[PDB]
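Undergrad: A single structure is presented below for examination.
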Amino acid sequence: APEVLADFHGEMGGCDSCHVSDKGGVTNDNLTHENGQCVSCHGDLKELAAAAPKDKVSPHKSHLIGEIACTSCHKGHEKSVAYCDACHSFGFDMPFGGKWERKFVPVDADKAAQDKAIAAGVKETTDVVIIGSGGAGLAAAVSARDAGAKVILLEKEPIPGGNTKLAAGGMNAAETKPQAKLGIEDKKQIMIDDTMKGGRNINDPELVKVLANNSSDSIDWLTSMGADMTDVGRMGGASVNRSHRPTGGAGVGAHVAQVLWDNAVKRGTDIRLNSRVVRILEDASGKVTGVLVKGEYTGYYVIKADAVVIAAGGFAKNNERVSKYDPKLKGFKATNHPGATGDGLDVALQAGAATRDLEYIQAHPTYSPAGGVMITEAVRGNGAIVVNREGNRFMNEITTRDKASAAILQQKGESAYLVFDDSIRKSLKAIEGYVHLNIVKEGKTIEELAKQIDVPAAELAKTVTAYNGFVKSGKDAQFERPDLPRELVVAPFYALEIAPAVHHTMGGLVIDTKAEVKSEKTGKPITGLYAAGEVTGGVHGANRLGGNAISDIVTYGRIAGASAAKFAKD
Ligand SMILES: Cc1cc2nc3c(=O)[nH]c(=O)nc-3n(C[C@H](O)[C@@H](O)[C@@H](O)COP(=O)(O)OP(=O)(O)OC[C@H]3O[C@@H](n4cnc5c(N)ncnc54)[C@H](O)[C@@H]3O)c2cc1C
Ligand code: HEC
Ligand code: HEC
Ligand code: HEC
Ligand code: HEC
């Protein structure tokens, strides 16, 4: 029994097969050579993908964006797990396979060993350091690179794009070209007012102004980098159709993550995967001088830089931490990728950074317990209805998420069903992937759908003809639903069991419109420390509206990148 990958290969050629040297060892955390050797012998992703069965789901052709290494799944000296295992359950036949498991390691554990190495010299310099490879960081790698900084960006997972790459529903922006093309009359103020009402007026009004005001330049920016943001639909809590997404209702996440990845990489961004930043370095009256990296394979190393951008994401995946704030959520499932655990929040805190709103944890109301994935709010915005086990509607389906989850939780079985038709289906191309994931019930009639779910045919049917009249009259007499887009009358009929999940953390680092990280001692910025995206707080108040986090990450990430780079010129 030879079982792990490198031992299997051991039997054939040794150590230089994968390693540069015949003694073994990696030379860089990206594992450049080892993957290259894999590709020399087995072909690369296109070629692997090229040969799979023309039916369903292959592990070499997925929706992960950016450069996805072989070794990020085919492990050499330990069991291998497909990365997909972190979110789906396709039960693949992984040669040399183990099961998925991730232990949370405190950024602070191994304090002695990091100190020897901060002492053990400063190994390398650069202008701007950017932490994390989601939109905030990539948006910022571009913008800093455009300004002349030399940038180094670190990502702790084996693959890039963090939660951003999974987004679907859209990016909000007011007063855009796409809206002009569709004749949607919207106003930057309205977007402001929508953001403030929905975050229960505790949002920092200065950050919501910039987020609203810069939104349309920030659609334009993406377009000029190659993005396609021409599809606009509704999301809950907004009064105007403002969620931007690729032609036809395709999710934005993979699309935006990959245009931004391309552009960071086409400027000379030095991106390092499997590299986790475990500390930001210190000095006099606390000026940021660089950071301490912990490479998975090459260990601890200090990189000196003038400015440091924190684009590290939220902590909703770490239920422990989520639960200390809102014990309600102990044990709920999350919609996040695995690395959304809190890491850069600690890092920043260990650096004196100020924090705000950390106890306001959003729960997304329509998570698919069978699929193990989130169903976009855009299904509801596009016209779906939500219905309980008696076949009756219990809420306004484009309401704020704190409220939508609460209602679903007070129904029998803590869960309800998304009910939409064939027009809703063809108006939102993301629906097509829940369909490819085998989790959508299809009945040829409303009553045939009811059998499939297990709901009273008479009552579902009753609630669907009831809801169509509200759609013709323009007034939902049951719940208060302000947008009633589509009659829900073209057969075949679809249904999906949804239930709430932990999703996004509104709190975080305190910043100002320049992406500057403010101090807990003074209220004044820490010189040279900047940040953007969900690791920061203030933008969303106590309930993020759907659409504002991709808007936040682009707009703010662009600001931190430009801002940190000017710092570097001085
Ligand atoms: C499934 C899903 C769908 C959503 N869809 C939408 C949508 O349609 N519209 C919308 O507005 N919002 C949506 N959101 C919310 C939106 O995705 C933002 O929450 C997310 O994009 C945040 O971007 P970010 O840059 O802040 O971080 P992320 O995308 O999390 O990027 C994170 C990088 O930091 C790396 N990292 C963290 N700590 C360290 C460390 N110490 N060292 C090194 N690297 C580190 C992490 O691994 C991570 O990859 C959705 C969220 C989810 C999960
Ligand atoms: C390994 C490379 C993966 C394979 C194969 C697939 N995935 Fe994913 N996945 C995830 C989510 C949250 C969704 C819904 C997409 C969204 O709405 O953002 C999906 C979707 C799929 C689909 C159907 C959709 C499509 O056809 O594009 C397939 C066939 C699929 N996934 C296979 C979540 C995750 C995830 C968590 C962070 C990971 C690592 C992967 N998926 C990876 C794989
Ligand atoms: C290709 C199949 C390999 C062969 C043959 C050998 N190694 Fe390797 N090694 C490979 C990978 C993909 C990786 C990255 C981590 C992983 O286990 O997937 C590695 C890593 C190492 C390391 C670093 C381990 C760590 O610091 O965690 C060492 C010291 C190492 N490999 C040594 C080594 C020796 C001595 C080998 C010959 C007997 C050898 N490797 C063969 C892939 C492959
Ligand atoms: C050339 C020197 C190789 C390098 C470098 C790597 N692999 Fe390889 N691999 C090679 C051969 C000749 C074989 C045997 C083919 C056969 O006759 O079956 C393999 C086998 C594999 C397998 C199959 C495991 C199984 O189905 O049990 C896998 C998944 C595999 N190799 C992957 C892989 C990866 C990810 C590599 C980079 C680290 C890699 N191999 C290096 C030839 C060579
Ligand atoms: C995780 C998302 C993967 C990445 C990235 C790569 N591979 Fe893969 N590989 C993975 C799985 C789950 C499987 C098994 C499929 C099954 O269920 O049997 C495989 C299989 C292989 C094989 C076997 C045979 C073949 O299809 O030719 C080989 C040779 C292989 N993988 C190599 C390989 C290389 C070179 C990759 C880099 C481009 C690579 N894989 C990526 C999971 C994943």
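By convention in this document, the chains of the structure tokens carry letters A, B, ... by their order, each chain's residues are numbered from 1, and ligands are numbered from 1 in the order they are shown.
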When the cut-off is 10 Å and you count only C-alpha atoms and all ligand atoms, which residues lie near ligand 5, shown as number ranges by chain?

TA: A: 35-52, 57-62, 64, 67-75, 80-85, 90-97, 158-159

Undergrad: Once you count only C-alpha atoms and all ligand atoms, which residues end up within 7 Å of ligand 1, and could you hand them over as a PyMOL selection string?

TA: chain A and resi 131-137+154-157+160-171+251-253+275-278+311-314+335-337+339-340+342-344+347+374+503-504+532-535+546-551+553

Undergrad: With only C-alpha atoms and all ligand atoms counted, collect every polymer residue having an atom within 10 Å of ligand 3; state the result as number ranges by chain.

TA: A: 4-31, 33-35, 37-38, 69-80, 295-299

Undergrad: Can you spit out the residues from that selection as a short mmCIF file (atom, residue, chain, number, x, y, z; two decimals), in the first residue's frame, using N, CA and C atoms?

TA:
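File selection_33.cif, as written:
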data_model
loop_
_atom_site.label_atom_id
_atom_site.label_comp_id
_atom_site.auth_asym_id
_atom_site.auth_seq_id
_atom_site.Cartn_x
_atom_site.Cartn_y
_atom_site.Cartn_z
N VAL A 4 -0.52 8.12 -0.64
CA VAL A 4 -0.40 9.53 -0.72
C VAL A 4 0.13 9.79 -2.14
N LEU A 5 0.10 10.94 -2.76
CA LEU A 5 0.56 11.12 -4.12
C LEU A 5 2.06 11.01 -4.33
N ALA A 6 2.87 11.71 -3.55
CA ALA A 6 4.31 11.69 -3.83
C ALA A 6 4.87 10.30 -3.63
N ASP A 7 4.37 9.48 -2.72
CA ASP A 7 4.94 8.16 -2.52
C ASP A 7 4.63 7.31 -3.76
N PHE A 8 3.41 7.44 -4.25
CA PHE A 8 3.01 6.75 -5.47
C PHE A 8 4.06 7.15 -6.50
N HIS A 9 4.25 8.45 -6.79
CA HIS A 9 5.27 8.89 -7.71
C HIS A 9 6.69 8.51 -7.29
N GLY A 10 6.90 8.26 -6.01
CA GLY A 10 8.19 7.84 -5.47
C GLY A 10 8.70 6.62 -6.23
N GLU A 11 7.83 5.65 -6.34
CA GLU A 11 8.01 4.40 -7.01
C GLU A 11 8.53 4.50 -8.44
N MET A 12 8.28 5.62 -9.10
CA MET A 12 8.71 5.84 -10.45
C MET A 12 10.01 6.64 -10.52
N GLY A 13 10.13 7.88 -10.07
CA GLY A 13 11.32 8.66 -10.23
C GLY A 13 12.00 9.36 -9.08
N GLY A 14 11.49 9.33 -7.86
CA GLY A 14 12.24 10.04 -6.84
C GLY A 14 11.75 11.32 -6.20
N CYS A 15 12.40 12.45 -6.53
CA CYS A 15 12.17 13.70 -5.82
C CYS A 15 12.25 14.91 -6.71
N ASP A 16 13.14 14.84 -7.70
CA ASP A 16 13.28 15.83 -8.74
C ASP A 16 12.09 15.76 -9.72
N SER A 17 11.23 14.75 -9.65
CA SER A 17 10.05 14.70 -10.48
C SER A 17 9.14 15.93 -10.31
N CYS A 18 9.04 16.39 -9.07
CA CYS A 18 8.19 17.48 -8.65
C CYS A 18 8.99 18.64 -8.08
N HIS A 19 10.03 18.28 -7.34
CA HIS A 19 10.88 19.33 -6.78
C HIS A 19 12.03 19.68 -7.69
N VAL A 20 12.44 20.94 -7.65
CA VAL A 20 13.58 21.47 -8.34
C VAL A 20 14.82 20.64 -7.98
N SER A 21 14.92 20.24 -6.72
CA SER A 21 16.07 19.50 -6.26
C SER A 21 15.77 18.03 -6.01
N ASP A 22 16.79 17.17 -6.12
CA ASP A 22 16.62 15.76 -5.85
C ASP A 22 16.72 15.47 -4.35
N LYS A 23 16.78 16.54 -3.55
CA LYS A 23 16.76 16.34 -2.10
C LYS A 23 15.36 16.61 -1.54
N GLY A 24 14.52 17.33 -2.31
CA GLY A 24 13.20 17.67 -1.79
C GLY A 24 13.12 19.06 -1.16
N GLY A 25 11.89 19.58 -1.07
CA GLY A 25 11.73 20.93 -0.53
C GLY A 25 11.05 21.79 -1.57
N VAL A 26 10.38 22.82 -1.12
CA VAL A 26 9.65 23.69 -2.05
C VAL A 26 10.50 24.95 -2.09
N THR A 27 10.35 25.86 -3.00
CA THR A 27 11.29 26.97 -3.03
C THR A 27 10.43 28.18 -2.74
N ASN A 28 9.17 28.08 -3.20
CA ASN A 28 8.19 29.14 -2.90
C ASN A 28 6.80 28.68 -2.53
N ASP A 29 6.14 29.36 -1.60
CA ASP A 29 4.74 29.03 -1.24
C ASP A 29 3.76 28.85 -2.38
N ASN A 30 3.89 29.49 -3.54
CA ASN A 30 3.08 29.26 -4.67
C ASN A 30 3.36 27.90 -5.27
N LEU A 31 4.45 27.24 -4.95
CA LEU A 31 4.70 25.92 -5.54
C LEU A 31 4.79 25.96 -7.04
N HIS A 33 7.21 25.48 -9.38
CA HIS A 33 7.83 24.35 -10.06
C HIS A 33 7.02 23.06 -9.97
N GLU A 34 6.69 22.59 -8.75
CA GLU A 34 5.89 21.40 -8.54
C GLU A 34 4.68 21.45 -9.46
N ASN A 35 3.88 22.49 -9.53
CA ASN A 35 2.73 22.43 -10.42
C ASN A 35 3.16 22.25 -11.86
N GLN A 37 5.73 20.82 -13.06
CA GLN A 37 6.06 19.43 -13.30
C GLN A 37 4.77 18.65 -13.51
N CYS A 38 3.78 18.87 -12.64
CA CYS A 38 2.52 18.18 -12.85
C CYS A 38 2.03 18.46 -14.28
N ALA A 69 -4.10 25.91 -8.90
CA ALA A 69 -3.11 24.86 -8.86
C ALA A 69 -3.68 23.46 -8.66
N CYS A 70 -3.01 22.50 -9.23
CA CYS A 70 -3.11 21.07 -9.16
C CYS A 70 -2.89 20.70 -7.69
N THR A 71 -1.69 21.10 -7.20
CA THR A 71 -1.36 20.84 -5.81
C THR A 71 -2.33 21.44 -4.79
N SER A 72 -3.29 22.27 -5.16
CA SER A 72 -4.30 22.82 -4.26
C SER A 72 -5.36 21.80 -4.00
N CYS A 73 -5.23 20.56 -4.37
CA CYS A 73 -6.19 19.48 -4.31
C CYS A 73 -5.42 18.15 -4.35
N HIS A 74 -4.54 18.08 -5.37
CA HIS A 74 -3.68 16.87 -5.38
C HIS A 74 -2.50 17.23 -4.46
N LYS A 75 -2.52 16.71 -3.26
CA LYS A 75 -1.50 16.95 -2.29
C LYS A 75 -0.40 15.90 -2.44
N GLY A 76 0.83 16.32 -2.24
CA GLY A 76 1.91 15.37 -2.38
C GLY A 76 2.14 14.47 -1.19
N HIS A 77 2.30 15.06 0.00
CA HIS A 77 2.73 14.20 1.12
C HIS A 77 1.73 14.04 2.23
N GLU A 78 0.48 14.21 1.84
CA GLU A 78 -0.61 13.96 2.77
C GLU A 78 -1.85 13.62 1.95
N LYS A 79 -2.90 13.18 2.60
CA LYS A 79 -4.04 12.75 1.78
C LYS A 79 -4.51 13.98 1.01
N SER A 80 -5.19 13.70 -0.09
CA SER A 80 -5.69 14.76 -0.94
C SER A 80 -7.22 14.73 -0.83
N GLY A 295 4.64 31.71 5.36
CA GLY A 295 4.36 30.95 4.15
C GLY A 295 4.01 29.53 4.62
N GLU A 296 3.06 28.89 3.92
CA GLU A 296 2.76 27.51 4.32
C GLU A 296 4.04 26.66 4.25
N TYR A 297 4.79 26.80 3.15
CA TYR A 297 5.97 26.01 2.88
C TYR A 297 7.27 26.72 3.17
N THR A 298 7.43 28.04 3.10
CA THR A 298 8.76 28.57 3.36
C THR A 298 8.94 29.24 4.70
N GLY A 299 7.94 29.22 5.54
CA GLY A 299 7.94 29.76 6.88
C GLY A 299 7.74 31.25 7.02
#

Undergrad: How many Å separate CA of residue 118 in chain A from CA of residue 308 in chain A?

TA: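 It comes out at 17.1 Å.
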
Undergrad: Taking the chain letters and numbering used in this document, name the residues of range 70-313 of chain A that DSSP puts in alpha helix (DSSP H), as an NGL selection string.

TA: :A and (111-119 or 135-145 or 177-181 or 188-198 or 205-213 or 217-224 or 253-266)

Undergrad: Store the residues picked out above in a file with C-alpha atoms, as a PDB file, in the first residue's frame.

TA:
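Saved as again.pdb:
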ATOM      1  CA  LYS A 111       4.296  33.815  19.249  1.00  0.00           C
ATOM      2  CA  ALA A 112       7.791  32.728  20.361  1.00  0.00           C
ATOM      3  CA  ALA A 113       8.698  31.341  16.870  1.00  0.00           C
ATOM      4  CA  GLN A 114       7.478  34.474  15.040  1.00  0.00           C
ATOM      5  CA  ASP A 115       9.562  36.716  17.313  1.00  0.00           C
ATOM      6  CA  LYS A 116      12.797  34.817  16.594  1.00  0.00           C
ATOM      7  CA  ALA A 117      12.157  35.511  12.896  1.00  0.00           C
ATOM      8  CA  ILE A 118      11.261  39.220  13.257  1.00  0.00           C
ATOM      9  CA  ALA A 119      14.562  39.384  15.118  1.00  0.00           C
ATOM     10  CA  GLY A 135     -12.271  42.153  -4.631  1.00  0.00           C
ATOM     11  CA  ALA A 136     -11.060  44.726  -2.018  1.00  0.00           C
ATOM     12  CA  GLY A 137      -7.479  43.432  -2.361  1.00  0.00           C
ATOM     13  CA  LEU A 138      -7.537  42.820  -6.120  1.00  0.00           C
ATOM     14  CA  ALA A 139      -9.385  46.099  -6.777  1.00  0.00           C
ATOM     15  CA  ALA A 140      -6.626  47.629  -4.744  1.00  0.00           C
ATOM     16  CA  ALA A 141      -3.832  45.694  -6.458  1.00  0.00           C
ATOM     17  CA  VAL A 142      -4.927  47.282  -9.728  1.00  0.00           C
ATOM     18  CA  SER A 143      -5.384  50.874  -8.475  1.00  0.00           C
ATOM     19  CA  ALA A 144      -2.086  50.717  -6.415  1.00  0.00           C
ATOM     20  CA  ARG A 145      -0.238  49.245  -9.453  1.00  0.00           C
ATOM     21  CA  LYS A 177     -25.098  54.025 -17.909  1.00  0.00           C
ATOM     22  CA  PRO A 178     -26.678  50.552 -17.904  1.00  0.00           C
ATOM     23  CA  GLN A 179     -29.725  52.012 -16.062  1.00  0.00           C
ATOM     24  CA  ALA A 180     -29.843  54.705 -18.765  1.00  0.00           C
ATOM     25  CA  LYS A 181     -29.896  52.001 -21.431  1.00  0.00           C
ATOM     26  CA  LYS A 188     -27.588  58.758  -5.700  1.00  0.00           C
ATOM     27  CA  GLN A 189     -29.577  60.176  -2.778  1.00  0.00           C
ATOM     28  CA  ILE A 190     -32.124  57.416  -2.959  1.00  0.00           C
ATOM     29  CA  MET A 191     -29.346  54.886  -2.812  1.00  0.00           C
ATOM     30  CA  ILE A 192     -28.088  56.723   0.260  1.00  0.00           C
ATOM     31  CA  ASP A 193     -31.472  56.788   1.923  1.00  0.00           C
ATOM     32  CA  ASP A 194     -31.996  53.101   1.132  1.00  0.00           C
ATOM     33  CA  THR A 195     -28.582  52.267   2.651  1.00  0.00           C
ATOM     34  CA  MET A 196     -29.267  54.291   5.803  1.00  0.00           C
ATOM     35  CA  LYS A 197     -32.798  53.094   6.502  1.00  0.00           C
ATOM     36  CA  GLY A 198     -31.785  49.461   6.123  1.00  0.00           C
ATOM     37  CA  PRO A 205     -23.115  58.769   6.752  1.00  0.00           C
ATOM     38  CA  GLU A 206     -19.723  59.844   5.332  1.00  0.00           C
ATOM     39  CA  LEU A 207     -18.953  56.309   4.199  1.00  0.00           C
ATOM     40  CA  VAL A 208     -22.446  55.763   2.754  1.00  0.00           C
ATOM     41  CA  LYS A 209     -22.109  59.020   0.738  1.00  0.00           C
ATOM     42  CA  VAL A 210     -18.856  57.905  -0.899  1.00  0.00           C
ATOM     43  CA  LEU A 211     -20.235  54.375  -1.444  1.00  0.00           C
ATOM     44  CA  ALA A 212     -23.294  55.884  -3.069  1.00  0.00           C
ATOM     45  CA  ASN A 213     -21.487  58.715  -4.952  1.00  0.00           C
ATOM     46  CA  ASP A 217     -17.589  55.487 -11.686  1.00  0.00           C
ATOM     47  CA  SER A 218     -16.936  52.177 -10.002  1.00  0.00           C
ATOM     48  CA  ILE A 219     -19.196  50.342 -12.536  1.00  0.00           C
ATOM     49  CA  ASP A 220     -17.410  52.239 -15.317  1.00  0.00           C
ATOM     50  CA  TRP A 221     -14.007  51.293 -13.919  1.00  0.00           C
ATOM     51  CA  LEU A 222     -14.903  47.609 -14.041  1.00  0.00           C
ATOM     52  CA  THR A 223     -16.386  48.017 -17.529  1.00  0.00           C
ATOM     53  CA  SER A 224     -13.169  49.550 -18.820  1.00  0.00           C
ATOM     54  CA  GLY A 253     -18.825  37.239  -8.269  1.00  0.00           C
ATOM     55  CA  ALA A 254     -16.869  34.924 -10.515  1.00  0.00           C
ATOM     56  CA  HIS A 255     -17.188  37.527 -13.282  1.00  0.00           C
ATOM     57  CA  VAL A 256     -15.859  40.470 -11.276  1.00  0.00           C
ATOM     58  CA  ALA A 257     -13.354  38.336  -9.379  1.00  0.00           C
ATOM     59  CA  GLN A 258     -11.807  37.114 -12.626  1.00  0.00           C
ATOM     60  CA  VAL A 259     -11.780  40.474 -14.473  1.00  0.00           C
ATOM     61  CA  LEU A 260     -10.035  42.006 -11.409  1.00  0.00           C
ATOM     62  CA  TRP A 261      -7.629  39.060 -11.113  1.00  0.00           C
ATOM     63  CA  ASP A 262      -6.645  39.360 -14.739  1.00  0.00           C
ATOM     64  CA  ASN A 263      -6.026  43.065 -14.364  1.00  0.00           C
ATOM     65  CA  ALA A 264      -4.046  42.738 -11.103  1.00  0.00           C
ATOM     66  CA  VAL A 265      -1.841  40.095 -12.778  1.00  0.00           C
ATOM     67  CA  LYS A 266      -1.505  42.059 -16.060  1.00  0.00           C
TER      68      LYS A 266
END

Undergrad: For residue 214 in chain A, which residue among A:557, A:383, A:492, A:371 is the nearest when counting only C-alpha atoms?

TA: A:557

Undergrad: When you draw a straight line from CA of residue 324 in chain A to CA of residue 526 in chain A, how long is it in Å?

TA: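 Result for CA of residue 324 in chain A versus CA of residue 526 in chain A: 28.1 Å, one decimal.
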
Undergrad: May I ask which of the residues A:402, A:175, A:390, A:3 is the closest one to ligand 4, counting only C-alpha atoms and all ligand atoms?

TA: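 Among the listed residues, A:3 lies closest to ligand 4.
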